[PDB]
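K.L.:
The structure file structure-v5.pdb (PDB, C-alpha atoms) is provided below.
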ATOM      1  CA  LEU I 300      21.178 -61.909 -52.362  1.00  0.00           C
ATOM      2  CA  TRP I 301      23.330 -59.810 -50.026  1.00  0.00           C
ATOM      3  CA  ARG I 302      24.764 -58.029 -53.070  1.00  0.00           C
ATOM      4  CA  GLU I 303      21.216 -57.188 -54.156  1.00  0.00           C
ATOM      5  CA  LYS I 304      20.551 -55.970 -50.611  1.00  0.00           C
ATOM      6  CA  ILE I 305      23.697 -53.833 -50.799  1.00  0.00           C
ATOM      7  CA  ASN I 306      22.538 -52.459 -54.153  1.00  0.00           C
ATOM      8  CA  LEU I 307      19.232 -51.342 -52.635  1.00  0.00           C
ATOM      9  CA  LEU I 308      20.880 -50.070 -49.446  1.00  0.00           C
ATOM     10  CA  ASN I 309      23.367 -47.972 -51.415  1.00  0.00           C
ATOM     11  CA  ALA I 310      20.510 -46.113 -53.105  1.00  0.00           C
ATOM     12  CA  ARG I 311      18.608 -45.700 -49.837  1.00  0.00           C
ATOM     13  CA  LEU I 312      21.703 -44.451 -47.990  1.00  0.00           C
ATOM     14  CA  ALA I 313      22.450 -42.072 -50.862  1.00  0.00           C
ATOM     15  CA  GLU I 314      18.937 -40.646 -50.543  1.00  0.00           C
ATOM     16  CA  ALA I 315      19.330 -40.295 -46.770  1.00  0.00           C
ATOM     17  CA  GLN I 316      22.701 -38.582 -47.196  1.00  0.00           C
ATOM     18  CA  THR I 317      21.184 -36.240 -49.784  1.00  0.00           C
ATOM     19  CA  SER I 318      18.374 -35.283 -47.404  1.00  0.00           C
ATOM     20  CA  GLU I 319      20.750 -34.748 -44.478  1.00  0.00           C
ATOM     21  CA  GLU I 320      23.168 -32.726 -46.616  1.00  0.00           C
ATOM     22  CA  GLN I 321      20.368 -30.550 -48.006  1.00  0.00           C
ATOM     23  CA  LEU I 322      19.005 -29.819 -44.534  1.00  0.00           C
ATOM     24  CA  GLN I 323      22.490 -29.105 -43.167  1.00  0.00           C
ATOM     25  CA  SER I 324      23.264 -26.814 -46.111  1.00  0.00           C
ATOM     26  CA  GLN I 325      20.050 -24.862 -45.550  1.00  0.00           C
ATOM     27  CA  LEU I 326      20.809 -24.564 -41.825  1.00  0.00           C
ATOM     28  CA  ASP I 327      24.369 -23.414 -42.541  1.00  0.00           C
ATOM     29  CA  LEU I 328      23.118 -20.857 -45.077  1.00  0.00           C
ATOM     30  CA  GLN I 329      20.659 -19.547 -42.489  1.00  0.00           C
ATOM     31  CA  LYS I 330      23.635 -19.173 -40.144  1.00  0.00           C
ATOM     32  CA  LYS I 331      25.680 -17.545 -42.929  1.00  0.00           C
ATOM     33  CA  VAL I 332      22.965 -14.929 -43.406  1.00  0.00           C
ATOM     34  CA  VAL I 333      24.093 -13.675 -39.988  1.00  0.00           C
ATOM     35  CA  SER I 334      27.601 -13.021 -41.320  1.00  0.00           C
ATOM     36  CA  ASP I 335      26.179 -11.553 -44.533  1.00  0.00           C
ATOM     37  CA  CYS I 336      24.359  -9.007 -42.373  1.00  0.00           C
ATOM     38  CA  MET I 337      27.714  -8.029 -40.844  1.00  0.00           C
ATOM     39  CA  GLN I 338      29.222  -7.819 -44.335  1.00  0.00           C
ATOM     40  CA  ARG I 339      26.479  -5.444 -45.478  1.00  0.00           C
ATOM     41  CA  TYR I 340      26.883  -3.416 -42.279  1.00  0.00           C
ATOM     42  CA  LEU I 341      30.557  -3.010 -43.209  1.00  0.00           C
ATOM     43  CA  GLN I 342      29.879  -2.273 -46.896  1.00  0.00           C
ATOM     44  CA  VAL I 343      27.607   0.728 -46.266  1.00  0.00           C
ATOM     45  CA  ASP I 689      14.765   0.399 -41.089  1.00  0.00           C
ATOM     46  CA  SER I 690      18.373   1.586 -41.127  1.00  0.00           C
ATOM     47  CA  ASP I 691      21.017  -0.926 -42.175  1.00  0.00           C
ATOM     48  CA  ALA I 692      22.073  -1.807 -38.616  1.00  0.00           C
ATOM     49  CA  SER I 693      18.444  -2.347 -37.595  1.00  0.00           C
ATOM     50  CA  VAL I 694      17.941  -4.545 -40.665  1.00  0.00           C
ATOM     51  CA  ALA I 695      20.994  -6.601 -39.699  1.00  0.00           C
ATOM     52  CA  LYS I 696      19.629  -7.010 -36.168  1.00  0.00           C
ATOM     53  CA  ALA I 697      16.174  -8.016 -37.417  1.00  0.00           C
ATOM     54  CA  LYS I 698      17.576 -10.513 -39.924  1.00  0.00           C
ATOM     55  CA  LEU I 699      19.892 -12.045 -37.314  1.00  0.00           C
ATOM     56  CA  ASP I 700      16.908 -12.465 -34.991  1.00  0.00           C
ATOM     57  CA  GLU I 701      14.876 -14.032 -37.807  1.00  0.00           C
ATOM     58  CA  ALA I 702      17.684 -16.469 -38.623  1.00  0.00           C
ATOM     59  CA  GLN I 703      18.052 -17.502 -34.983  1.00  0.00           C
ATOM     60  CA  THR I 704      14.275 -17.960 -34.712  1.00  0.00           C
ATOM     61  CA  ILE I 705      14.162 -20.147 -37.827  1.00  0.00           C
ATOM     62  CA  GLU I 706      17.268 -22.143 -36.854  1.00  0.00           C
ATOM     63  CA  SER I 707      15.496 -24.411 -34.354  1.00  0.00           C
ATOM     64  CA  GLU I 708      13.035 -26.149 -36.692  1.00  0.00           C
ATOM     65  CA  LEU I 709      15.751 -26.756 -39.285  1.00  0.00           C
ATOM     66  CA  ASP I 710      17.966 -28.188 -36.535  1.00  0.00           C
ATOM     67  CA  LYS I 711      15.195 -30.586 -35.501  1.00  0.00           C
ATOM     68  CA  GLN I 712      14.624 -31.637 -39.116  1.00  0.00           C
ATOM     69  CA  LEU I 713      18.368 -32.235 -39.479  1.00  0.00           C
ATOM     70  CA  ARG I 714      18.207 -34.394 -36.345  1.00  0.00           C
ATOM     71  CA  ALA I 715      15.466 -36.450 -38.003  1.00  0.00           C
ATOM     72  CA  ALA I 716      17.543 -36.706 -41.182  1.00  0.00           C
ATOM     73  CA  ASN I 717      20.485 -37.970 -39.122  1.00  0.00           C
ATOM     74  CA  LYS I 718      18.130 -40.463 -37.477  1.00  0.00           C
ATOM     75  CA  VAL I 719      17.264 -41.865 -40.911  1.00  0.00           C
ATOM     76  CA  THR I 720      20.848 -41.742 -42.191  1.00  0.00           C
ATOM     77  CA  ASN I 721      22.330 -43.641 -39.239  1.00  0.00           C
ATOM     78  CA  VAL I 722      19.699 -46.378 -39.572  1.00  0.00           C
ATOM     79  CA  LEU I 723      20.508 -46.772 -43.260  1.00  0.00           C
ATOM     80  CA  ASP I 724      24.258 -46.712 -42.559  1.00  0.00           C
ATOM     81  CA  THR I 725      23.846 -49.532 -40.038  1.00  0.00           C
ATOM     82  CA  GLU I 726      21.762 -51.465 -42.568  1.00  0.00           C
ATOM     83  CA  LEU I 727      24.486 -51.060 -45.196  1.00  0.00           C
ATOM     84  CA  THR I 728      27.194 -52.105 -42.731  1.00  0.00           C
ATOM     85  CA  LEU I 729      25.309 -55.275 -41.791  1.00  0.00           C
ATOM     86  CA  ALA I 730      24.641 -56.134 -45.439  1.00  0.00           C
ATOM     87  CA  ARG I 731      28.313 -55.596 -46.300  1.00  0.00           C
ATOM     88  CA  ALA I 732      29.416 -57.803 -43.403  1.00  0.00           C
ATOM     89  CA  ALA I 733      27.097 -60.604 -44.528  1.00  0.00           C
ATOM     90  CA  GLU I 734      28.246 -60.279 -48.143  1.00  0.00           C
ATOM     91  CA  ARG I 735      31.904 -60.366 -47.088  1.00  0.00           C
ATOM     92  CA  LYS I 736      31.244 -63.495 -45.031  1.00  0.00           C
ATOM     93  CA  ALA I 737      29.586 -65.198 -48.010  1.00  0.00           C
ATOM     94  CA  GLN I 738      32.108 -63.937 -50.575  1.00  0.00           C
ATOM     95  CA  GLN I 739      35.117 -66.139 -49.828  1.00  0.00           C
ATOM     96  CA  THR I 740      32.958 -69.262 -49.513  1.00  0.00           C
ATOM     97  CA  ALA I 741      31.220 -68.534 -52.826  1.00  0.00           C
ATOM     98  CA  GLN I 742      34.495 -67.731 -54.616  1.00  0.00           C
ATOM     99  CA  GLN I 743      35.687 -71.354 -54.483  1.00  0.00           C
ATOM    100  CA  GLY I 744      34.236 -71.908 -57.964  1.00  0.00           C
ATOM    101  CA  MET I 745      32.710 -74.918 -59.679  1.00  0.00           C
ATOM    102  CA  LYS I 746      32.422 -76.670 -63.020  1.00  0.00           C
ATOM    103  CA  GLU I 747      29.289 -76.671 -65.169  1.00  0.00           C
ATOM    104  CA  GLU I 748      28.376 -80.252 -64.241  1.00  0.00           C
ATOM    105  CA  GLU I 749      28.858 -79.582 -60.526  1.00  0.00           C
ATOM    106  CA  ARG I 750      26.690 -76.467 -60.823  1.00  0.00           C
ATOM    107  CA  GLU I 751      23.966 -78.451 -62.594  1.00  0.00           C
ATOM    108  CA  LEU I 752      24.097 -81.120 -59.882  1.00  0.00           C
ATOM    109  CA  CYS I 753      23.897 -78.498 -57.132  1.00  0.00           C
ATOM    110  CA  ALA I 754      20.936 -76.787 -58.804  1.00  0.00           C
ATOM    111  CA  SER I 755      18.984 -80.045 -58.545  1.00  0.00           C
ATOM    112  CA  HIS I 756      17.607 -80.871 -55.085  1.00  0.00           C
ATOM    113  CA  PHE I 757      18.728 -77.490 -53.724  1.00  0.00           C
ATOM    114  CA  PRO I 758      16.474 -74.473 -53.110  1.00  0.00           C
ATOM    115  CA  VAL I 759      16.356 -71.006 -54.656  1.00  0.00           C
ATOM    116  CA  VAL I 760      16.333 -68.350 -51.939  1.00  0.00           C
ATOM    117  CA  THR I 761      15.101 -64.799 -52.505  1.00  0.00           C
ATOM    118  CA  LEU I 762      16.064 -61.407 -51.119  1.00  0.00           C
ATOM    119  CA  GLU I 763      12.977 -61.226 -48.888  1.00  0.00           C
ATOM    120  CA  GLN I 764      13.674 -64.628 -47.309  1.00  0.00           C
ATOM    121  CA  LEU I 765      17.447 -63.989 -47.146  1.00  0.00           C
ATOM    122  CA  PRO I 766      17.500 -63.699 -43.320  1.00  0.00           C
ATOM    123  CA  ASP I 767      16.401 -67.345 -42.969  1.00  0.00           C
ATOM    124  CA  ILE I 768      19.063 -68.765 -45.319  1.00  0.00           C
ATOM    125  CA  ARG I 769      21.050 -70.198 -42.402  1.00  0.00           C
ATOM    126  CA  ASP I 770      18.013 -72.295 -41.432  1.00  0.00           C
ATOM    127  CA  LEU I 771      17.415 -73.509 -44.997  1.00  0.00           C
ATOM    128  CA  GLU I 772      21.043 -74.620 -45.281  1.00  0.00           C
ATOM    129  CA  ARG I 773      20.735 -76.633 -42.068  1.00  0.00           C
ATOM    130  CA  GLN I 774      17.411 -78.071 -43.250  1.00  0.00           C
ATOM    131  CA  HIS I 775      18.968 -79.369 -46.462  1.00  0.00           C
ATOM    132  CA  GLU I 776      22.021 -80.651 -44.580  1.00  0.00           C
ATOM    133  CA  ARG I 777      19.750 -82.636 -42.262  1.00  0.00           C
ATOM    134  CA  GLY I 778      17.701 -83.860 -45.217  1.00  0.00           C
ATOM    135  CA  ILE I 779      20.803 -85.226 -46.921  1.00  0.00           C
ATOM    136  CA  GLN I 780      22.061 -86.749 -43.664  1.00  0.00           C
ATOM    137  CA  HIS I 781      18.795 -88.530 -42.836  1.00  0.00           C
ATOM    138  CA  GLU I 782      18.636 -90.039 -46.325  1.00  0.00           C
ATOM    139  CA  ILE I 783      22.322 -90.996 -46.352  1.00  0.00           C
ATOM    140  CA  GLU I 784      22.067 -92.914 -43.086  1.00  0.00           C
ATOM    141  CA  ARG I 785      19.099 -94.899 -44.430  1.00  0.00           C
ATOM    142  CA  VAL I 786      20.969 -95.647 -47.657  1.00  0.00           C
ATOM    143  CA  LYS I 787      23.970 -96.732 -45.581  1.00  0.00           C
ATOM    144  CA  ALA I 788      21.754 -99.156 -43.673  1.00  0.00           C
ATOM    145  CA  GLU I 789      20.403-100.502 -46.967  1.00  0.00           C
ATOM    146  CA  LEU I 790      23.955-100.906 -48.285  1.00  0.00           C
ATOM    147  CA  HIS I 791      24.900-102.870 -45.174  1.00  0.00           C
ATOM    148  CA  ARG I 792      21.851-105.077 -45.701  1.00  0.00           C
ATOM    149  CA  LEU I 793      22.876-105.701 -49.310  1.00  0.00           C
ATOM    150  CA  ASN I 794      26.405-106.587 -48.204  1.00  0.00           C
ATOM    151  CA  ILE I 795      24.951-109.138 -45.784  1.00  0.00           C
ATOM    152  CA  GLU I 796      22.726-110.547 -48.524  1.00  0.00           C
ATOM    153  CA  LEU I 797      25.656-110.819 -50.932  1.00  0.00           C
ATOM    154  CA  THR I 798      27.781-112.735 -48.443  1.00  0.00           C
TER
ATOM    155  CA  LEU Q 699      30.603 -11.543 -31.176  1.00  0.00           C
ATOM    156  CA  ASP Q 700      32.846 -13.412 -33.618  1.00  0.00           C
ATOM    157  CA  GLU Q 701      34.238 -15.688 -30.897  1.00  0.00           C
ATOM    158  CA  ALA Q 702      30.752 -16.335 -29.517  1.00  0.00           C
ATOM    159  CA  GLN Q 703      29.459 -17.275 -32.971  1.00  0.00           C
ATOM    160  CA  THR Q 704      32.426 -19.607 -33.520  1.00  0.00           C
ATOM    161  CA  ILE Q 705      31.865 -21.312 -30.160  1.00  0.00           C
ATOM    162  CA  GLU Q 706      28.131 -21.461 -30.918  1.00  0.00           C
ATOM    163  CA  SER Q 707      28.862 -23.297 -34.169  1.00  0.00           C
ATOM    164  CA  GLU Q 708      31.218 -25.653 -32.320  1.00  0.00           C
ATOM    165  CA  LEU Q 709      28.591 -26.430 -29.673  1.00  0.00           C
ATOM    166  CA  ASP Q 710      25.912 -26.876 -32.343  1.00  0.00           C
ATOM    167  CA  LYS Q 711      28.116 -29.426 -34.109  1.00  0.00           C
ATOM    168  CA  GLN Q 712      28.697 -31.165 -30.772  1.00  0.00           C
ATOM    169  CA  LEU Q 713      24.941 -31.375 -30.154  1.00  0.00           C
ATOM    170  CA  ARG Q 714      24.359 -32.639 -33.699  1.00  0.00           C
ATOM    171  CA  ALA Q 715      26.862 -35.432 -33.065  1.00  0.00           C
ATOM    172  CA  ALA Q 716      25.361 -36.196 -29.648  1.00  0.00           C
ATOM    173  CA  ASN Q 717      21.848 -36.619 -31.073  1.00  0.00           C
ATOM    174  CA  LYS Q 718      23.012 -39.913 -32.614  1.00  0.00           C
ATOM    175  CA  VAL Q 719      23.322 -41.653 -29.242  1.00  0.00           C
ATOM    176  CA  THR Q 720      19.858 -40.503 -28.176  1.00  0.00           C
ATOM    177  CA  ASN Q 721      18.362 -41.717 -31.460  1.00  0.00           C
ATOM    178  CA  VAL Q 722      20.042 -45.128 -31.211  1.00  0.00           C
ATOM    179  CA  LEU Q 723      19.003 -45.579 -27.583  1.00  0.00           C
ATOM    180  CA  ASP Q 724      15.426 -44.528 -28.367  1.00  0.00           C
ATOM    181  CA  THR Q 725      15.163 -47.082 -31.176  1.00  0.00           C
ATOM    182  CA  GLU Q 726      16.695 -49.829 -29.038  1.00  0.00           C
ATOM    183  CA  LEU Q 727      14.441 -49.018 -26.077  1.00  0.00           C
ATOM    184  CA  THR Q 728      11.308 -49.029 -28.240  1.00  0.00           C
ATOM    185  CA  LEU Q 729      12.229 -52.419 -29.699  1.00  0.00           C
ATOM    186  CA  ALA Q 730      13.145 -53.788 -26.260  1.00  0.00           C
ATOM    187  CA  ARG Q 731       9.864 -52.591 -24.747  1.00  0.00           C
ATOM    188  CA  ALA Q 732       7.893 -54.188 -27.583  1.00  0.00           C
ATOM    189  CA  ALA Q 733       9.780 -57.472 -27.161  1.00  0.00           C
ATOM    190  CA  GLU Q 734       9.304 -57.386 -23.381  1.00  0.00           C
ATOM    191  CA  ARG Q 735       5.568 -56.783 -23.792  1.00  0.00           C
ATOM    192  CA  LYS Q 736       5.366 -59.728 -26.191  1.00  0.00           C
ATOM    193  CA  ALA Q 737       7.307 -61.981 -23.809  1.00  0.00           C
ATOM    194  CA  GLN Q 738       5.173 -60.908 -20.839  1.00  0.00           C
ATOM    195  CA  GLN Q 739       1.951 -61.584 -22.742  1.00  0.00           C
ATOM    196  CA  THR Q 740       3.232 -65.011 -23.789  1.00  0.00           C
ATOM    197  CA  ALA Q 741       4.356 -65.579 -20.190  1.00  0.00           C
ATOM    198  CA  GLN Q 742       0.944 -64.700 -18.708  1.00  0.00           C
ATOM    199  CA  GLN Q 743      -0.858 -67.538 -20.532  1.00  0.00           C
ATOM    200  CA  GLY Q 744      -1.726 -69.190 -17.199  1.00  0.00           C
ATOM    201  CA  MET Q 745       0.487 -71.573 -15.230  1.00  0.00           C
ATOM    202  CA  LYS Q 746       0.744 -73.234 -11.845  1.00  0.00           C
ATOM    203  CA  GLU Q 747       3.912 -72.548  -9.881  1.00  0.00           C
ATOM    204  CA  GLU Q 748       4.702 -76.271  -9.807  1.00  0.00           C
TER
END
Let me see the structure of the file written as structure tokens.
P.N.:
Amino acid sequence: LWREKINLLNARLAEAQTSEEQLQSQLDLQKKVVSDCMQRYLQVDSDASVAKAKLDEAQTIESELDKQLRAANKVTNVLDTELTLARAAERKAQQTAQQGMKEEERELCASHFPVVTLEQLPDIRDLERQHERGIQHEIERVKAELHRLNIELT
Amino acid sequence: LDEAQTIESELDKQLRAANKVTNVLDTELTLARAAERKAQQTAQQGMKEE
């Protein structure tokens, strides 16, 4: 389930990175237009006045793109934290799951155990404890019955 | 002009990096305020001091 979560989070983080990179590239190209104005000034509504006007336009437009890039970073950091948490959970579960089992053991475990889903993944720790307690409460009763049968046999 | 533009780019990158802390703190404060409002509402259900 955490690997499925990581699969979804990788796509979401890729989208967030794409948005942030696109916004940053547009902002940097708006900045680079300033240097392109200097380049044209060197290569030659006169040209110097055009360079001044375009520099002013770029500086005016820079602010909204900066704010949008801030929002993109806001999204990207949230998704990065999500991916980090999912990876940490998957790494915790990995070494315990890697122990391996036989076919018969896997069939036995499938019976009487639950099937968790990605949506309910956060509550898995509670389900594990619930099943542990369920086994324990039955085992103690069966132990009492076994003691009773031992007494009856004697 | 060249030096000022270079320093302007440096400061802009610094501000871009700094925005992360403000974003994280804003998210945490919003969640904390929501949780505190929930706890206060559950706390105000009516109780004697004893």
K.L.:
Using only C-alpha atoms, which chain I residues lie at most 8 Å away from chain Q, written as a ChimeraX atom specification?
P.N.:
/I:714,717-718,721
K.L.:
Any chance you could export the current selection's C-alpha atoms as a compact mmCIF listing (two decimals), in the frame of the given file?
P.N.:
# COMPACT_ATOMS: atom_id res chain seq x y z
CA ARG I 714 18.21 -34.39 -36.34
CA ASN I 717 20.48 -37.97 -39.12
CA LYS I 718 18.13 -40.46 -37.48
CA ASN I 721 22.33 -43.64 -39.24
K.L.:
Which value, in Å to one decimal, gives the distance between atom CA of residue 761 of chain I and atom CA of residue 300 of chain I?
P.N.:
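If I compute the distance from atom CA of residue 761 of chain I to atom CA of residue 300 of chain I, I get 6.7 Å.
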K.L.:
Just how far from atom CA of residue 716 of chain I is atom CA of residue 316 of chain I, in Å to one decimal?
P.N.:
8.1 Å
K.L.:
Atom CA of residue 701 of chain I and atom CA of residue 339 of chain I, how far apart in Å?
P.N.:
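Atom-to-atom, atom CA of residue 339 of chain I and atom CA of residue 701 of chain I are spaced 16.3 Å apart.
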K.L.:
Would you list the residues near (20.3, -57.6, -49.7) (no more than 9 Å away, in the coordinates of the file, using only C-alpha atoms) as JSON, numbers by chain?
P.N.:
{"I": [300, 301, 302, 303, 304, 305, 306, 307, 308, 727, 730, 731, 734, 762, 763, 765]}
K.L.:
Of the candidates I:322, I:779, I:797, I:786, which shows the shortest atom-to-atom distance to residue 712 of chain I, using all atoms listed in the file?
P.N.:
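Residue with the minimum atom-to-atom distance to residue 712 of chain I: I:322.
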K.L.:
For each of I:773, I:331, I:736, I:750, take the minimum atom-to-atom distance to residue 698 of chain I, counting all atoms listed in the file, then give the residue where this is smallest.
P.N.:
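Closest residue, counting all atoms listed in the file: I:331.
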K.L.:
For the structure provided, state which residues fall under the PyMOL selection byres ((chain I and resi 758) around 12), and present them as a PyMOL selection string.
P.N.:
chain I and resi 753-757+759-761+764+768+770-772+774-776
K.L.:
Where does the PyMOL selection byres ((chain I and resi 705) around 12) land in this file, that is, which residues does it pick, as a list in words?
P.N.:
residues 325, 326, 327, 328, 329, 330, 332, 698, 699, 700, 701, 702, 703, 704, 706, 707, 708, 709, 710, 711 and 712 of chain I
K.L.:
Take the structure in the block and write a file for segment 727-739 of chain I, N, CA, C and O atoms, as a PDB file, in the first residue's frame.
P.N.:
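Written output follows (decode.pdb):
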ATOM      1  N   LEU I 727       5.869  12.675  -0.189  1.00  0.00           N
ATOM      2  CA  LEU I 727       6.700  11.601  -0.724  1.00  0.00           C
ATOM      3  C   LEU I 727       7.696  11.107   0.316  1.00  0.00           C
ATOM      4  O   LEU I 727       7.943   9.903   0.423  1.00  0.00           O
ATOM      5  N   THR I 728       8.294  12.024   1.078  1.00  0.00           N
ATOM      6  CA  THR I 728       9.252  11.621   2.103  1.00  0.00           C
ATOM      7  C   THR I 728       8.587  10.744   3.158  1.00  0.00           C
ATOM      8  O   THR I 728       9.138   9.715   3.566  1.00  0.00           O
ATOM      9  N   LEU I 729       7.395  11.138   3.611  1.00  0.00           N
ATOM     10  CA  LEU I 729       6.693  10.333   4.608  1.00  0.00           C
ATOM     11  C   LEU I 729       6.329   8.962   4.053  1.00  0.00           C
ATOM     12  O   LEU I 729       6.487   7.941   4.740  1.00  0.00           O
ATOM     13  N   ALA I 730       5.838   8.916   2.812  1.00  0.00           N
ATOM     14  CA  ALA I 730       5.487   7.633   2.211  1.00  0.00           C
ATOM     15  C   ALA I 730       6.714   6.739   2.075  1.00  0.00           C
ATOM     16  O   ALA I 730       6.646   5.533   2.337  1.00  0.00           O
ATOM     17  N   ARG I 731       7.847   7.316   1.667  1.00  0.00           N
ATOM     18  CA  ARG I 731       9.075   6.538   1.548  1.00  0.00           C
ATOM     19  C   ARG I 731       9.531   6.015   2.902  1.00  0.00           C
ATOM     20  O   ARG I 731       9.989   4.873   3.008  1.00  0.00           O
ATOM     21  N   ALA I 732       9.431   6.840   3.947  1.00  0.00           N
ATOM     22  CA  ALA I 732       9.820   6.380   5.276  1.00  0.00           C
ATOM     23  C   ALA I 732       8.951   5.213   5.729  1.00  0.00           C
ATOM     24  O   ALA I 732       9.459   4.215   6.256  1.00  0.00           O
ATOM     25  N   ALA I 733       7.636   5.317   5.522  1.00  0.00           N
ATOM     26  CA  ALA I 733       6.751   4.216   5.895  1.00  0.00           C
ATOM     27  C   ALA I 733       7.074   2.956   5.098  1.00  0.00           C
ATOM     28  O   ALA I 733       7.121   1.850   5.656  1.00  0.00           O
ATOM     29  N   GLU I 734       7.300   3.101   3.789  1.00  0.00           N
ATOM     30  CA  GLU I 734       7.605   1.938   2.967  1.00  0.00           C
ATOM     31  C   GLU I 734       8.914   1.291   3.400  1.00  0.00           C
ATOM     32  O   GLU I 734       9.020   0.062   3.435  1.00  0.00           O
ATOM     33  N   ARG I 735       9.928   2.099   3.711  1.00  0.00           N
ATOM     34  CA  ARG I 735      11.193   1.556   4.188  1.00  0.00           C
ATOM     35  C   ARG I 735      11.041   0.854   5.527  1.00  0.00           C
ATOM     36  O   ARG I 735      11.694  -0.171   5.753  1.00  0.00           O
ATOM     37  N   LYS I 736      10.198   1.376   6.419  1.00  0.00           N
ATOM     38  CA  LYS I 736       9.923   0.662   7.659  1.00  0.00           C
ATOM     39  C   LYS I 736       9.279  -0.694   7.389  1.00  0.00           C
ATOM     40  O   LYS I 736       9.641  -1.693   8.020  1.00  0.00           O
ATOM     41  N   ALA I 737       8.326  -0.746   6.455  1.00  0.00           N
ATOM     42  CA  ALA I 737       7.607  -1.996   6.212  1.00  0.00           C
ATOM     43  C   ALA I 737       8.433  -2.981   5.387  1.00  0.00           C
ATOM     44  O   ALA I 737       8.163  -4.191   5.401  1.00  0.00           O
ATOM     45  N   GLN I 738       9.433  -2.483   4.658  1.00  0.00           N
ATOM     46  CA  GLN I 738      10.124  -3.295   3.661  1.00  0.00           C
ATOM     47  C   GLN I 738      10.855  -4.474   4.293  1.00  0.00           C
ATOM     48  O   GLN I 738      10.680  -5.625   3.878  1.00  0.00           O
ATOM     49  N   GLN I 739      11.691  -4.205   5.297  1.00  0.00           N
ATOM     50  CA  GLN I 739      12.501  -5.269   5.877  1.00  0.00           C
ATOM     51  C   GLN I 739      11.662  -6.290   6.630  1.00  0.00           C
ATOM     52  O   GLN I 739      12.053  -7.459   6.707  1.00  0.00           O
TER      53      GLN I 739
END
